[PDB]
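# Remarks on the overall topology
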Amino acid sequence: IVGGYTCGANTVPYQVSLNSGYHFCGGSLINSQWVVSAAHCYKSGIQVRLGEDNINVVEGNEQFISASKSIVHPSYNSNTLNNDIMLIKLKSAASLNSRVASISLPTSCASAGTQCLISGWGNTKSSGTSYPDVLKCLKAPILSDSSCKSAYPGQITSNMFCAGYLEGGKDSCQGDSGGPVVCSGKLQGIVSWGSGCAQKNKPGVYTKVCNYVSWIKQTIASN
Ligand SMILES: NCCc1c[nH]c2ccc(Cl)cc12
Ligand SMILES: [Ca+2]
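- For this deposited structure, the header cites X-ray crystallography as the method used and 1.6000 Å as the resolution.

### Some words on the pairing of strand β5 (residues 47–50)
- Sheet topology places strand β2 (residues 15–19) next to β5; 3 bridges connect them, and they run antiparallel. Considered in β5, the bridge of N19 is made with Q47.
- Where β5 and strand β6 (residues 63–72) come together, 4 bridges link them in antiparallel fashion. Residue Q47 lies in a different strand from β6, and its bridge partner there is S66.

### Details of the packing of aromatic side chains
- If you walk through the whole model with that rule in mind, you get 3 aromatic pairs.
- A cation over a ring is seen here: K170 above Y165, with NZ or CZ 4.3 Å from the ring centre.

### Some words on the layout of surface pockets
- By volume, the largest pocket is sized at about 160 Å³.
- Taken together, 14 residues form the lining of the largest pocket, with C173, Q174, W193, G194 and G196 sitting closest to its centre.
- Breaking the lining of the largest pocket down by element, the ones donating at least two residues are β12 (186–193) and β13 (204–208).
- Here the lining of the largest pocket is built from residues that sort into 6 nonpolar, 7 polar and 1 charged.

### A word on the UniProt feature "active site" in the chain
- According to UniProt, the "active site" feature falls on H40, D84 and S177. Over a stretch of 138 residues, the named residues converge on one spot in the fold, their C-alpha atoms separated by at most 10.4 Å. When only the residues just named are considered, the largest pocket is lined by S177.
- In this structure, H40 sits in the loop between β4 (34–37) and β5.

### Considerations on the domain arrangement of the chain
- With domains assigned, the chain is organised as domain 1 (15–102 + 212–221) and domain 2 (114–211).
- Contacts between the two partners involve 27 residues from domain 1, matched on the other side by 24 residues from domain 2.
- Summed over both sides, the interface of domain 1 with domain 2 buries roughly 1,900 Å², with 57% coming from carbon and sulfur.
- Looking only at domain 1, the three residues that lose the most surface to domain 2 are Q15, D53 and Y212, adding up to 29% of its buried area.
- Between the two partners, domain 1 and domain 2, sit 0 salt bridges.

### A short note on the UniProt feature "binding site: Ca(2+)" in the chain
- In the numbering used here, UniProt assigns the feature "binding site: Ca(2+)" to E52, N54, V57 and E62.
- Of note, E52 is situated in the loop between β5 and β6.
- Apart from the residues within four sequence positions on either side, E52 is in contact with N10, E62, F64 and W121.
- Mapped onto the secondary structure, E62 falls in the loop between β5 and β6.
- For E62, a relative accessible area of 18% translates into the label buried.

### Examining the pairing of strand β11 (residues 180–183)
- Here β11 shows a buried face lined by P180 and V182 and a second buried face lined by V181 and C183.
- Note that β11 and β12 share 4 bridges and pair antiparallel. Paired with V182 across the strands is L187, a residue of β12.
- Linkage of β11 to β12, two consecutive antiparallel strands, is achieved through a turn of 2 residues, within which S184 is found at a positive phi near 55°.

### A look at the site of ligand 1
- Looking at ligand 1, the residues that line it are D171, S172, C173, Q174, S177, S192, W193, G194, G196, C197 and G204.
- Between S172 and ligand 1, the recorded distance is 2.8 Å, taken from a backbone N or O atom to a nitrogen atom.
- Separating a nitrogen atom of ligand 1 from a side-chain N or O atom of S177 is a distance of 3.2 Å.
- Computed on the free molecule, ligand 1 has an accessible area of 360 Å², of which 76% lies beneath the protein chains in the complex.
- Among the cavities detected, the one that contains ligand 1 is the largest pocket.

### Details of the coordination of the calcium ion (ligand 2)
- Distances from the calcium ion (ligand 2) to its protein donors, namely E52 (OE), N54 (O), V57 (O) and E62 (OE), fall within the range 2.2 to 2.4 Å.
- Between consecutive donor residues of the calcium ion (ligand 2), the sequence gaps follow E-x1-N-x2-V-x4-E. Pair check on accessibility: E52 and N54 agree, each one buried.

Analysis parameters
Residues numbered from 1 in each chain as written, not as in the entry; some residues may be left out. Chains lettered and ligands numbered in written order. Heavy atoms only, no water. Pairing = 2+ DSSP bridges. Helix = DSSP H or I, 4+ residues; strand = E, 2+ residues; numbered from the N terminus. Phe/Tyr/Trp six-rings, centres within 6.5 Å; stacked < 30°, edge-to-face > 60°. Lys NZ or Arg CZ within 6 Å of the ring centre and 35° of its normal. 1 Å grid on protein atoms, 1.4 Å probe; cavity = no way out; pocket = protein on both sides within 12 Å on 5 of 7 lines; lining within 4 Å. Points joined across faces, edges and corners; volume = space filled by probe spheres on them. Nonpolar A, V, L, I, M, F, W, Y, C, P; charged D, E, K, R; others polar. UniProt positions renumbered as here; feature names shortened; annotations may be inferred. Domains from an automatic or database assignment. Contact = heavy atoms within 4.5 Å. Buried area = accessible area lost by both parts, 1.4 Å probe. Salt bridge = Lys/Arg side-chain N within 4 Å of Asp/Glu carboxyl O. Buried < 20%, exposed > 50% of the residue type's maximum accessible area, 1.4 Å probe, protein only. Near = heavy atom within 4 Å. Polar contact = N/O pair within 3.5 Å; in protein donor to acceptor, adjacent residues only side chain to side chain. Areas by Shrake-Rupley, 256 points an atom, 1.4 Å probe, with all protein chains shown as cover. Sits in = over half its atoms within 2 Å of the grid points. Donors = N, O, S within 2.8 Å, 3.2 Å for Na, K, Ca; no water.

Shown next, in the form of C-alpha coordinates:
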(Lines give C-alpha, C1' and ligand atoms only; values in the text may rest on other atoms or scores of the structure.)
(Ligands and ions follow the chains in the order given, each with its own letter.)
Protein backbone atom coordinates (compact mmCIF):
# COMPACT_ATOMS: atom_id res chain seq x y z
CA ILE A 1 0.00 0.00 0.00
CA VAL A 2 1.40 3.40 -1.07
CA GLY A 3 0.18 6.47 0.79
CA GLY A 4 -1.80 4.56 3.41
CA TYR A 5 -1.75 4.24 7.19
CA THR A 6 -0.98 1.55 9.76
CA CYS A 7 -4.24 -0.38 10.30
CA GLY A 8 -3.57 -1.43 13.90
CA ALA A 9 -3.20 -5.04 15.06
CA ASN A 10 -6.17 -7.24 14.10
CA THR A 11 -8.46 -4.37 13.04
CA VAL A 12 -8.97 -6.09 9.67
CA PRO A 13 -9.89 -9.53 10.98
CA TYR A 14 -10.73 -11.08 7.58
CA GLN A 15 -7.27 -10.32 6.11
CA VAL A 16 -5.09 -13.36 5.46
CA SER A 17 -1.49 -13.77 4.35
CA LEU A 18 -0.65 -16.55 1.88
CA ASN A 19 2.74 -18.04 2.75
CA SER A 20 5.05 -20.34 0.76
CA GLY A 21 8.10 -19.85 2.99
CA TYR A 22 7.48 -16.08 2.80
CA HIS A 23 4.49 -13.79 2.37
CA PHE A 24 3.55 -13.60 -1.33
CA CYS A 25 -0.15 -12.64 -1.60
CA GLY A 26 -3.14 -11.46 0.38
CA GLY A 27 -6.61 -12.99 0.63
CA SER A 28 -9.95 -12.75 2.44
CA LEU A 29 -11.60 -15.26 4.81
CA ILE A 30 -15.21 -15.76 3.69
CA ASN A 31 -16.16 -18.57 6.12
CA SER A 32 -14.42 -20.86 8.58
CA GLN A 33 -12.92 -23.05 5.89
CA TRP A 34 -12.57 -20.96 2.69
CA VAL A 35 -10.38 -18.09 1.45
CA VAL A 36 -10.80 -15.96 -1.69
CA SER A 37 -7.78 -14.52 -3.49
CA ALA A 38 -6.53 -13.61 -6.98
CA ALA A 39 -5.99 -16.33 -9.58
CA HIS A 40 -2.58 -14.79 -10.41
CA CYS A 41 -1.59 -15.77 -6.85
CA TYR A 42 -1.94 -19.49 -7.63
CA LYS A 43 0.83 -21.85 -6.57
CA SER A 44 1.16 -25.20 -4.83
CA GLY A 45 2.25 -25.62 -1.23
CA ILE A 46 0.26 -22.73 0.28
CA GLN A 47 -0.09 -22.14 4.02
CA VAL A 48 -2.83 -19.67 5.04
CA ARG A 49 -1.89 -17.38 7.93
CA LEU A 50 -4.78 -15.85 9.87
CA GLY A 51 -4.79 -13.34 12.68
CA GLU A 52 -1.55 -11.66 11.49
CA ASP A 53 -0.28 -8.15 12.09
CA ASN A 54 3.54 -8.31 12.03
CA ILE A 55 4.24 -11.15 9.59
CA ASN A 56 7.80 -11.59 10.93
CA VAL A 57 6.93 -11.89 14.67
CA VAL A 58 4.70 -14.39 16.47
CA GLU A 59 2.43 -12.10 18.50
CA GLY A 60 -0.11 -14.61 19.85
CA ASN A 61 -3.31 -14.40 17.77
CA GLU A 62 -2.09 -16.30 14.68
CA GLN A 63 -3.61 -19.45 13.22
CA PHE A 64 -1.51 -21.27 10.60
CA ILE A 65 -3.48 -23.70 8.42
CA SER A 66 -2.41 -25.52 5.24
CA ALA A 67 -4.53 -25.42 2.09
CA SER A 68 -6.06 -28.71 1.01
CA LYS A 69 -7.46 -27.63 -2.38
CA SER A 70 -7.20 -24.58 -4.64
CA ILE A 71 -9.69 -23.74 -7.41
CA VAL A 72 -8.83 -21.15 -10.06
CA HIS A 73 -11.82 -19.68 -11.90
CA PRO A 74 -12.59 -21.82 -14.97
CA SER A 75 -12.33 -18.82 -17.35
CA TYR A 76 -9.24 -17.15 -15.86
CA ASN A 77 -7.06 -15.62 -18.60
CA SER A 78 -3.52 -14.91 -17.40
CA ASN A 79 -2.72 -12.61 -20.33
CA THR A 80 -5.62 -10.18 -19.79
CA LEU A 81 -6.26 -11.01 -16.09
CA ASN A 82 -9.97 -11.38 -16.85
CA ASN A 83 -11.69 -13.49 -14.16
CA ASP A 84 -8.78 -13.01 -11.69
CA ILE A 85 -10.24 -14.94 -8.76
CA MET A 86 -9.45 -18.18 -6.95
CA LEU A 87 -10.84 -20.13 -3.98
CA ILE A 88 -8.69 -21.90 -1.35
CA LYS A 89 -10.08 -24.55 1.04
CA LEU A 90 -8.38 -24.98 4.42
CA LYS A 91 -7.40 -28.44 5.66
CA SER A 92 -9.32 -27.65 8.86
CA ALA A 93 -11.76 -24.97 9.99
CA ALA A 94 -10.40 -21.77 11.47
CA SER A 95 -11.50 -20.78 14.99
CA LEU A 96 -13.50 -17.57 14.62
CA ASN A 97 -13.28 -14.80 17.23
CA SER A 98 -13.03 -11.00 17.44
CA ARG A 99 -9.60 -10.97 15.74
CA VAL A 100 -10.19 -13.70 13.12
CA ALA A 101 -13.52 -13.29 11.35
CA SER A 102 -15.13 -13.83 7.97
CA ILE A 103 -16.25 -11.04 5.63
CA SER A 104 -19.68 -11.18 4.00
CA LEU A 105 -20.15 -11.61 0.26
CA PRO A 106 -22.16 -8.89 -1.51
CA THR A 107 -25.79 -9.15 -2.57
CA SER A 108 -25.45 -6.24 -5.01
CA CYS A 109 -22.63 -4.50 -6.84
CA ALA A 110 -21.29 -1.28 -5.35
CA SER A 111 -21.63 1.98 -7.27
CA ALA A 112 -18.96 4.48 -8.25
CA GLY A 113 -18.35 7.00 -5.48
CA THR A 114 -18.62 4.35 -2.75
CA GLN A 115 -15.76 4.53 -0.24
CA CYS A 116 -13.81 1.31 0.35
CA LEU A 117 -10.99 -0.03 2.51
CA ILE A 118 -7.99 -1.75 0.89
CA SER A 119 -5.34 -3.52 2.97
CA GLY A 120 -2.11 -5.49 2.57
CA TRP A 121 1.60 -6.00 3.27
CA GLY A 122 2.79 -4.82 -0.15
CA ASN A 123 5.34 -2.22 -1.19
CA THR A 124 4.83 1.26 0.28
CA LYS A 125 6.91 3.17 -2.32
CA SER A 126 6.00 4.05 -5.91
CA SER A 127 9.67 4.47 -6.87
CA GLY A 128 11.98 2.08 -5.08
CA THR A 129 11.08 -0.58 -2.54
CA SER A 130 10.23 -0.80 1.14
CA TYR A 131 8.14 -3.64 2.42
CA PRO A 132 6.39 -3.19 5.77
CA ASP A 133 6.06 -5.95 8.36
CA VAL A 134 2.69 -4.70 9.75
CA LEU A 135 -0.59 -4.41 7.88
CA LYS A 136 -1.27 -1.17 5.99
CA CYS A 137 -4.66 0.33 5.13
CA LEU A 138 -6.07 2.73 2.51
CA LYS A 139 -9.49 4.35 2.09
CA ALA A 140 -10.32 4.94 -1.57
CA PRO A 141 -13.46 5.39 -3.70
CA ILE A 142 -14.70 3.28 -6.56
CA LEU A 143 -14.20 5.22 -9.81
CA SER A 144 -16.73 5.53 -12.60
CA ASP A 145 -16.59 2.99 -15.42
CA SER A 146 -15.97 5.77 -17.94
CA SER A 147 -12.95 7.13 -16.04
CA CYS A 148 -11.60 3.58 -15.62
CA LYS A 149 -11.93 2.79 -19.34
CA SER A 150 -10.38 6.13 -20.32
CA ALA A 151 -7.36 5.37 -18.10
CA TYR A 152 -6.87 1.83 -19.53
CA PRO A 153 -8.18 1.89 -23.11
CA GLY A 154 -9.15 -1.55 -24.37
CA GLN A 155 -8.22 -3.36 -21.16
CA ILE A 156 -11.20 -3.10 -18.78
CA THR A 157 -13.78 -5.87 -18.91
CA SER A 158 -17.13 -6.04 -17.14
CA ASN A 159 -15.40 -8.14 -14.44
CA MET A 160 -13.14 -5.24 -13.36
CA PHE A 161 -13.44 -1.88 -11.65
CA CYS A 162 -11.01 0.93 -10.83
CA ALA A 163 -10.60 2.40 -7.36
CA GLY A 164 -8.29 5.10 -6.09
CA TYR A 165 -7.15 8.58 -7.09
CA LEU A 166 -6.54 9.89 -10.59
CA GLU A 167 -4.03 12.36 -9.08
CA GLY A 168 -1.85 9.47 -7.89
CA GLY A 169 0.04 9.03 -4.64
CA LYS A 170 -2.28 6.44 -3.04
CA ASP A 171 -2.72 2.91 -4.37
CA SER A 172 -2.21 -0.80 -3.75
CA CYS A 173 1.12 -2.19 -4.92
CA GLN A 174 3.29 -5.29 -5.41
CA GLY A 175 2.58 -7.80 -2.66
CA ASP A 176 -0.97 -6.49 -2.06
CA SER A 177 -2.18 -8.94 -4.77
CA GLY A 178 -5.18 -11.03 -3.78
CA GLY A 179 -6.13 -8.73 -0.90
CA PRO A 180 -9.56 -7.38 -0.05
CA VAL A 181 -11.47 -4.29 -1.11
CA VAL A 182 -14.28 -3.91 1.45
CA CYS A 183 -17.09 -1.38 1.01
CA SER A 184 -20.00 -0.94 3.42
CA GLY A 185 -19.08 -4.16 5.22
CA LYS A 186 -19.07 -6.35 2.09
CA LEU A 187 -16.25 -7.82 0.00
CA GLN A 188 -16.50 -6.04 -3.36
CA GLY A 189 -13.00 -6.37 -4.85
CA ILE A 190 -9.71 -8.27 -5.06
CA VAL A 191 -6.38 -6.53 -5.70
CA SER A 192 -5.66 -7.55 -9.33
CA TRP A 193 -3.44 -5.29 -11.48
CA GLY A 194 -2.41 -1.84 -12.63
CA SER A 195 0.32 0.11 -14.35
CA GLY A 196 2.87 0.58 -11.63
CA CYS A 197 1.64 1.92 -8.28
CA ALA A 198 0.20 5.34 -7.40
CA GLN A 199 1.03 6.86 -10.80
CA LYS A 200 -0.97 9.80 -12.11
CA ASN A 201 -3.99 8.75 -14.20
CA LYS A 202 -3.30 5.04 -13.52
CA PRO A 203 -5.52 3.85 -10.64
CA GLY A 204 -5.60 0.29 -9.37
CA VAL A 205 -7.78 -2.30 -11.08
CA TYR A 206 -9.77 -4.80 -9.00
CA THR A 207 -11.73 -8.02 -9.63
CA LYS A 208 -15.49 -7.32 -9.40
CA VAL A 209 -16.53 -9.88 -6.76
CA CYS A 210 -20.28 -9.28 -7.12
CA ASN A 211 -20.11 -11.00 -10.54
CA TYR A 212 -18.86 -14.25 -8.98
CA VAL A 213 -21.15 -14.81 -5.97
CA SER A 214 -23.11 -17.60 -7.69
CA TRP A 215 -19.91 -19.41 -8.70
CA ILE A 216 -18.45 -19.00 -5.20
CA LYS A 217 -21.59 -20.30 -3.52
CA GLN A 218 -21.99 -23.33 -5.80
CA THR A 219 -18.30 -24.23 -5.57
CA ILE A 220 -18.22 -24.14 -1.76
CA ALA A 221 -21.42 -26.21 -1.57
CA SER A 222 -19.86 -29.10 -3.54
CA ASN A 223 -16.25 -29.20 -2.34
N1 LIG B 1 -2.44 -1.37 -7.74
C2 LIG B 1 -1.60 -2.56 -7.47
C3 LIG B 1 -1.58 -3.38 -8.73
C4 LIG B 1 -0.66 -4.56 -8.70
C5 LIG B 1 -0.98 -5.87 -8.52
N6 LIG B 1 0.14 -6.65 -8.60
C7 LIG B 1 1.22 -5.85 -8.86
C8 LIG B 1 2.56 -6.17 -9.04
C9 LIG B 1 3.44 -5.15 -9.30
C10 LIG B 1 2.98 -3.83 -9.38
CL11 LIG B 1 4.14 -2.57 -9.71
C12 LIG B 1 1.67 -3.49 -9.20
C13 LIG B 1 0.76 -4.52 -8.94
CA1 LIG C 1 2.71 -12.52 13.41
